[PDB]
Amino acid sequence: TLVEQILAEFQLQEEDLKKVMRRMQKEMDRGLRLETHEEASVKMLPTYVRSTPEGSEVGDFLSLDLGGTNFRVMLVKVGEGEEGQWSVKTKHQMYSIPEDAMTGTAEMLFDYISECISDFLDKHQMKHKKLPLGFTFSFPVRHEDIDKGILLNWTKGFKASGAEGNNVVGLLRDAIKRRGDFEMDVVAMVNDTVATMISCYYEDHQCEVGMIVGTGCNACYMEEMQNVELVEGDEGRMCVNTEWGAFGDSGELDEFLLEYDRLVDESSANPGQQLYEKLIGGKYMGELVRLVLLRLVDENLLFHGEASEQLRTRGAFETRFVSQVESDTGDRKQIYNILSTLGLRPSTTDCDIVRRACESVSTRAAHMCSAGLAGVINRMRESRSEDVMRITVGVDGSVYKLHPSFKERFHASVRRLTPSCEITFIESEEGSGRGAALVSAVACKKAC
């Protein structure tokens, strides 16, 4: 081997994870306190989602989801169950998002979103209801309230101009009104993490953390209002959006970061930001693999020294390929077919090396991510008193959900890092739609 030494750079000892855990908890602490909130890399954003909901509206709700690659519009119906509110998606539709909108101005993009909304309401006999609308908007936002806050900055390659710094919900509003076609009561805006968390509440009241491991990666959790300094008040709990994707932007990860991570960064829409998410999320995983594969070929270890034109283009090793290669059964048959598609003609040993390379990146993501989560869960242990903390974490995201063994490595490692917690993991059913709408419903009791 010169291979195993190159791949071994990805490993993390147990003390590595603990270091990142402890540093993350610190950054969480700093994000929450008035003296350090402004400059904290982990912003710890109040969301105005609050504990003891205590009764809500019912009937139909409309939810949008922007921040996945697609954009989704759905109808969710909310009624009364014993536990709290049931809910269920009843109509749905995805809309691609043209790059002439994406490079656009903000108000352009929310016009495109407005067009999609009318389209959906035609096709459904619906233009003539003014519906309450919960909006899952998966980007960092500083809220003033449950229905108002500014975009701090775009992440995950999004770039529409003139949105950073404005009232995202006002954008939505000035597009709906800017096209007469329909009436919509925008009652609530939430992060994906919060929506996921909230949708697990009906079947499990201990769900107090939501986590997304998808294109991007983040979590949110329920904090003690006393510890949330940026919202006056000391009673109860408010869900906080940690935005942990940005941990490492004040150099907290420098010692772990690798030449490949240094290159995914430089070449990205958002250089110097979202460093932690860059090690874990699906927008970056394939690309890390691609760069590891390129270093192996330049070392002559792989495809003996030569790479197709595709292999050399940014973006070509799709994250979904990372997870198909790790599903190969041992016959190389689907490793072969992916490599053959990118214009390579690999040998037996090429296929194995390529698989080793995917394992190395995905195992590191799983481990890095387990340290953030045990950071959050051990912080919650601190504030609390039963001898064993039992807690449920709601999760969503194609990496966590669909990658062949990421979830189990990730569960094994969160559990090493969390003695005397007992953790249940729930994969959210339609977390984002039902979530927005579950919150929307409680927000409505405070307005209509």
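The first residue of the sequence shown is number 1, and the count goes up from there. Here, rigid core means the biggest group of C-alpha atoms that superpose within 1.5 Å across both forms.
**Q** Fit on the core, then compare CA atoms: does 294-302 or 171-179 lie farther from this form in 8 other deposited structures of this protein?
**A** After superposing on the rigid core, the more displaced stretch in 8 other deposited structures of this protein is 171-179.
**Q** Root mean square C-alpha distance from this form after a core fit in 8 other deposited structures of this protein: higher for 285-293 or for 102-110?
**A** The answer is 102-110, which departs more from the shown form in 8 other deposited structures of this protein.
**Q** Hey, does residue 375 drop out of the model in a third or more of the other PDB entries compared here?
**A** No; none of the other entries leave residue 375 out.
**Q** If you look at the other compared entries where the surrounding residues are built, does residue 82 lack coordinates in a third or more?
**A** In at least a third of the comparable entries (those modelling both sides of it), residue 82 has no coordinates.
**Q** Looking at the entry, does 364-372 or 283-291 show the higher mean C-alpha B-factor?
**A** It is 283-291 that shows the higher mean C-alpha B-factor.
**Q** Select between 88-96 and 131-139 the stretch whose C-alpha atoms have the higher average B-factor in the entry.
**A** Mean C-alpha B-factor is greater for 88-96.
**Q** For the CA B factor values reported in this entry, which option in 318, 298, 252, 352 has the top one?
**A** In the PDB entry, the greatest C-alpha B-factor among 318, 298, 252, 352 is found at 298.
**Q** If you check the C-alpha B-factor for each of 262, 156, 333, 179 in the entry, which is highest?
**A** Of the options given, 179 has the highest CA B-factor in the PDB entry.
**Q** What third of its chain, lowest, middle or highest, does the C-alpha temperature factor of residue 276 fall into?
**A** It falls in the bottom third of the chain.
**Q** When the modelled residues of the chain are sorted by Cα temperature factor, does residue 206 land in the lowest, middle or highest third?
**A** Middle third, going by the recorded CA B-factors of the chain.
**Q** Lowest, middle or highest third of the chain for the C-alpha temperature factor of residue 302?
**A** It belongs to the middle third of the chain when residues are ordered by C-alpha B-factor.
**Q** Residue 397: which third of its chain by C-alpha temperature factor?
**A** Ranked within chain, residue 397 CA B lands in the lowest tercile.
**Q** Looking at the C-alpha B-factor of residue 412, is it in the lowest, middle or highest third of its chain?
**A** CA B-factor rank for residue 412: lowest third.
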